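Trainee: Handing you a structure now.
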Amino acid sequence: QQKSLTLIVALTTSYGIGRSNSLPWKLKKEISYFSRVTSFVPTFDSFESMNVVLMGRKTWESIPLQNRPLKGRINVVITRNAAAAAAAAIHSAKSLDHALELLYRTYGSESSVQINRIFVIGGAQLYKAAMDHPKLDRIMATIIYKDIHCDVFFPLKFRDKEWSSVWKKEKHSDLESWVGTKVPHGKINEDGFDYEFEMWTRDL
Ligand SMILES: NC(=O)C1=CN([C@@H]2O[C@H](COP(=O)(O)OP(=O)(O)OC[C@H]3O[C@@H](n4cnc5c(N)ncnc54)[C@H](OP(=O)(O)O)[C@@H]3O)[C@@H](O)[C@H]2O)C=CC1
Ligand SMILES: COc1cc(Cc2cnc(N)nc2N)cc(OC)c1OC
């Protein structure tokens, strides 16, 4: 493939991600961080360059009807059906690769709109397919320092010893460089607990 995928997730230290088909916490600076990262397209390329967000159907269903599609990003919803899709615009694909194929077909060299970065934004199930994909090389993880009760977990303990020779946490300086903006270094406290922004990579 051409472009690598980037995964972006918030999780607890016990790898909880979801509870109620929603996020187990209300963290405004986290969502903001999420918005900036998945939307940032280096300045010289902006009139035409858009980032892609690739999220599973349950995650699509979790976004408030008002906030979807996710603004300023090519939204693509992953589903093993074709189905009926509530899209006034809304791409649909049956796999991560089927989505990539649809994006490169649709947003080619002769396109008014061109793809910059592709983000996988959730679904535990879709986070599982991403973690197995060859082009995934980067996780933008928000670490939440509380064992908040979840019913949905991140599928791979990427920050644990067992996966430390594959997955590596990058200096905060390399995080800022990659995201192209300053990012809060160290713990943030919002709604009763600490969280922080990390960046991990695994060599292609
Ligand atoms: N903390 C965080 O950063 C995030 C947390 N979340 C949370 O995660 C939960 C959602 O996770 P989960 O329930 O697994 O759902 P997903 O969002 O992964 O949606 C799963 C559905 O999407 C489709 N799908 C997912 N992966 C694939 C695949 N590889 N191929 C084909 N279709 C696929 C299938 O749709 P179909 O049934 O149509 O076949 C599947 O039924 C919620 O609790 C949500 O709030 C979500 C994003 C981020
Ligand atoms: C934009 O708001 C939301 C974003 C997400 C995805 C998400 C949020 N934060 C991070 N770090 N990663 C993600 N993949 C998940 C959500 O709920 C499941 C949201 O609420 C509507």
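How things are named: the first chain in the structure tokens is A, the next is B, and so on; residues count from 1 in each chain; ligands count from 1 in the order shown.
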Identify all residues of stretch 12-203 of chain A in alpha helix (DSSP H) (DSSP on the backbone) and supply them as a ChimeraX atom specification.
Mentor: /A:28-39,57-62,96-106,124-132,172-179
Trainee: Which residues of chain A come within 6 Å of ligand 1, and for each one, what is the closest pair of atoms and their distance in Å to one decimal, counting only C-alpha atoms and all ligand atoms, sorted by chain and residue number, as a tab-separated table?
Mentor:
residue	atom	partner	partner_atom_place_in_ligand_line	distance
A:9	CA	ligand 1	3 (O)	3.5
A:10	CA	ligand 1	3 (O)	3.7
A:11	CA	ligand 1	1 (N)	5.3
A:17	CA	ligand 1	1 (N)	3.8
A:18	CA	ligand 1	43 (O)	3.3
A:19	CA	ligand 1	43 (O)	4.8
A:20	CA	ligand 1	43 (O)	5.7
A:21	CA	ligand 1	43 (O)	3.7
A:22	CA	ligand 1	45 (O)	3.2
A:23	CA	ligand 1	45 (O)	4.4
A:56	CA	ligand 1	22 (O)	3.6
A:57	CA	ligand 1	22 (O)	3.9
A:58	CA	ligand 1	19 (O)	3.9
A:59	CA	ligand 1	17 (O)	3.7
A:78	CA	ligand 1	32 (N)	4.9
A:79	CA	ligand 1	38 (O)	3.8
A:80	CA	ligand 1	39 (O)	3.7
A:81	CA	ligand 1	38 (O)	5.3
A:94	CA	ligand 1	31 (C)	4.8
A:95	CA	ligand 1	30 (N)	4.3
A:121	CA	ligand 1	47 (C)	5.5
A:122	CA	ligand 1	47 (C)	3.3
A:123	CA	ligand 1	18 (O)	2.6
A:124	CA	ligand 1	14 (O)	3.7
A:125	CA	ligand 1	18 (O)	3.9
A:126	CA	ligand 1	26 (N)	3.5
A:129	CA	ligand 1	29 (N)	4.9
A:152	CA	ligand 1	43 (O)	5.6
Trainee: Keeping N, CA and C atoms, export the residues of the selection given above as a compact mmCIF listing (two decimals), in the first residue's frame.
Mentor:
# COMPACT_ATOMS: atom_id res chain seq x y z
N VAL A 9 -6.86 6.70 19.63
CA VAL A 9 -7.70 6.18 20.70
C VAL A 9 -7.42 6.83 22.09
N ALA A 10 -8.48 6.97 22.91
CA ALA A 10 -8.38 7.20 24.32
C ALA A 10 -8.73 5.98 25.11
N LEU A 11 -7.85 5.62 26.04
CA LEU A 11 -8.05 4.44 26.85
C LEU A 11 -7.57 4.56 28.25
N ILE A 17 -12.19 1.51 26.74
CA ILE A 17 -12.43 2.49 25.65
C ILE A 17 -13.91 2.97 25.56
N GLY A 18 -14.84 2.13 26.02
CA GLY A 18 -16.25 2.35 25.79
C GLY A 18 -17.16 1.79 26.89
N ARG A 19 -18.33 2.41 27.02
CA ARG A 19 -19.33 2.02 28.00
C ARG A 19 -20.65 2.70 27.64
N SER A 20 -21.60 1.91 27.16
CA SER A 20 -22.88 2.47 26.61
C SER A 20 -23.01 2.90 25.13
N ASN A 21 -22.21 2.25 24.28
CA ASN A 21 -21.88 2.83 22.97
C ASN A 21 -21.52 4.30 23.07
N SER A 22 -20.84 4.67 24.15
CA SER A 22 -20.27 5.98 24.24
C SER A 22 -18.97 5.96 25.02
N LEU A 23 -18.35 7.14 25.16
CA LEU A 23 -17.14 7.26 25.92
C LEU A 23 -17.46 7.37 27.38
N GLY A 56 -15.88 2.34 12.52
CA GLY A 56 -16.89 1.32 12.48
C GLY A 56 -18.30 1.82 12.70
N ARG A 57 -19.30 1.00 12.38
CA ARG A 57 -20.70 1.45 12.35
C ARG A 57 -21.20 1.82 13.74
N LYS A 58 -20.84 1.06 14.77
CA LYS A 58 -21.30 1.34 16.12
C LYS A 58 -20.74 2.70 16.54
N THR A 59 -19.45 2.95 16.25
CA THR A 59 -18.85 4.29 16.48
C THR A 59 -19.56 5.42 15.71
N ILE A 78 -17.20 1.81 8.32
CA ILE A 78 -16.86 0.41 8.01
C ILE A 78 -18.02 -0.53 8.46
N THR A 79 -18.53 -1.33 7.54
CA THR A 79 -19.63 -2.29 7.86
C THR A 79 -19.62 -3.49 6.89
N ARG A 80 -19.78 -4.70 7.43
CA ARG A 80 -19.79 -5.95 6.62
C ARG A 80 -21.04 -6.14 5.76
N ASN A 81 -22.04 -5.33 5.99
CA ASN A 81 -23.17 -5.18 5.10
C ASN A 81 -22.76 -4.17 4.00
N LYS A 94 -16.72 -2.35 3.26
CA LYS A 94 -16.83 -3.58 4.04
C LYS A 94 -15.56 -4.05 4.75
N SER A 95 -14.48 -3.30 4.58
CA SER A 95 -13.22 -3.60 5.24
C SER A 95 -12.33 -2.38 5.21
N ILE A 121 -10.38 5.60 13.80
CA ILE A 121 -10.86 6.26 14.97
C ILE A 121 -11.72 5.47 15.89
N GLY A 122 -11.74 4.17 15.72
CA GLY A 122 -12.51 3.45 16.70
C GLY A 122 -13.63 2.58 16.15
N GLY A 123 -14.27 1.94 17.11
CA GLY A 123 -14.57 0.59 17.11
C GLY A 123 -13.43 -0.22 17.69
N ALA A 124 -13.66 -0.82 18.86
CA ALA A 124 -12.90 -1.99 19.22
C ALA A 124 -12.72 -2.97 18.05
N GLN A 125 -13.80 -3.38 17.38
CA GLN A 125 -13.62 -4.33 16.26
C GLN A 125 -12.77 -3.73 15.15
N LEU A 126 -12.96 -2.46 14.86
CA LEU A 126 -12.19 -1.88 13.79
C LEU A 126 -10.77 -1.61 14.25
N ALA A 129 -8.90 -4.92 13.52
CA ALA A 129 -8.44 -4.95 12.12
C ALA A 129 -7.31 -3.97 11.89
N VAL A 152 -16.39 -2.08 26.84
CA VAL A 152 -15.56 -2.28 25.62
C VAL A 152 -14.06 -1.90 25.83
Trainee: What is the atom CA of residue A:138-atom CA of residue A:158 distance in Å, reported with one decimal?
Mentor: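 Here the two named atoms are 11.1 Å from each other.
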Trainee: With distances taken over only C-alpha atoms, which of A:88, A:27, A:55, A:179 is nearest to residue A:76?
Mentor: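 Using only C-alpha atoms, residue A:76 sits closest to A:55.
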Trainee: Can you pull out every residue within 6 Å of residue A:202, counting only C-alpha atoms, but drop anything in the same chain fewer than 6 positions away, and send it as a PyMOL selection string?
Mentor: chain A and resi 137+166-167
Trainee: Looking only at strand (DSSP E) from DSSP on the backbone, list the matching residues of chain A as a PyMOL selection string.
Mentor: chain A and resi 5-12+16-18+49-56+74-78+91-93+114-122+136-144+152-153+168-169+188-190+193-201
Trainee: Excluding residue A:104 and its own-chain neighbours fewer than 6 positions away, which residues fall within 12 Å of it when counting only C-alpha atoms? Please give them as an mmCIF file with N, CA and C atoms, in the first residue's frame.
Mentor:
data_model
loop_
_atom_site.group_PDB
_atom_site.id
_atom_site.type_symbol
_atom_site.label_atom_id
_atom_site.label_comp_id
_atom_site.auth_asym_id
_atom_site.auth_seq_id
_atom_site.Cartn_x
_atom_site.Cartn_y
_atom_site.Cartn_z
ATOM 1 N N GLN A 1 0.862 -1.213 0.000
ATOM 2 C CA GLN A 1 0.000 0.000 0.000
ATOM 3 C C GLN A 1 0.894 1.258 0.000
ATOM 4 N N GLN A 2 0.262 2.407 -0.214
ATOM 5 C CA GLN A 2 0.935 3.700 -0.168
ATOM 6 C C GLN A 2 0.922 4.326 1.242
ATOM 7 N N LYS A 3 -0.211 4.896 1.672
ATOM 8 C CA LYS A 3 -0.213 5.663 2.905
ATOM 9 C C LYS A 3 -0.245 4.683 4.100
ATOM 10 N N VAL A 52 -8.675 11.649 6.295
ATOM 11 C CA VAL A 52 -9.727 10.644 6.325
ATOM 12 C C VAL A 52 -9.897 10.105 7.769
ATOM 13 N N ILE A 74 -12.854 13.460 5.467
ATOM 14 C CA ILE A 74 -13.521 12.449 4.678
ATOM 15 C C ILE A 74 -13.883 11.340 5.676
ATOM 16 N N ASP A 97 -9.359 -2.248 3.855
ATOM 17 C CA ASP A 97 -8.799 -2.169 2.536
ATOM 18 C C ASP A 97 -9.809 -1.757 1.467
ATOM 19 N N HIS A 98 -11.084 -2.052 1.725
ATOM 20 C CA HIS A 98 -12.092 -1.801 0.751
ATOM 21 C C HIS A 98 -12.274 -0.327 0.891
ATOM 22 N N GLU A 110 -6.177 13.421 -10.149
ATOM 23 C CA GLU A 110 -7.047 14.339 -10.862
ATOM 24 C C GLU A 110 -8.204 14.811 -9.987
ATOM 25 N N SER A 111 -8.062 14.714 -8.665
ATOM 26 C CA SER A 111 -9.156 15.170 -7.795
ATOM 27 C C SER A 111 -9.031 16.541 -7.166
ATOM 28 N N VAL A 113 -10.355 17.271 -4.339
ATOM 29 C CA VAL A 113 -9.987 16.930 -2.959
ATOM 30 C C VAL A 113 -9.013 15.737 -2.917
ATOM 31 N N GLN A 114 -7.910 15.900 -2.168
ATOM 32 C CA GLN A 114 -6.821 14.924 -2.053
ATOM 33 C C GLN A 114 -6.609 14.458 -0.598
ATOM 34 N N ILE A 115 -6.237 13.210 -0.398
ATOM 35 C CA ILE A 115 -6.093 12.704 0.963
ATOM 36 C C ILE A 115 -4.709 13.061 1.528
ATOM 37 N N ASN A 116 -4.676 13.480 2.794
ATOM 38 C CA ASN A 116 -3.408 13.703 3.538
ATOM 39 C C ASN A 116 -3.123 12.508 4.434
ATOM 40 N N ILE A 118 -4.592 9.206 6.907
ATOM 41 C CA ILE A 118 -5.785 8.401 7.182
ATOM 42 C C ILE A 118 -5.754 7.964 8.684
#
Trainee: For stretch 159-165 of chain A, please output as a list in words all residues within 10 Å (counting only C-alpha atoms; exclusion window: fewer than 3 positions along the same chain).
Mentor: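 My reading of the contact set: residues 13, 15, 141, 143, 156, 168, 169, 200 and 202 of chain A.
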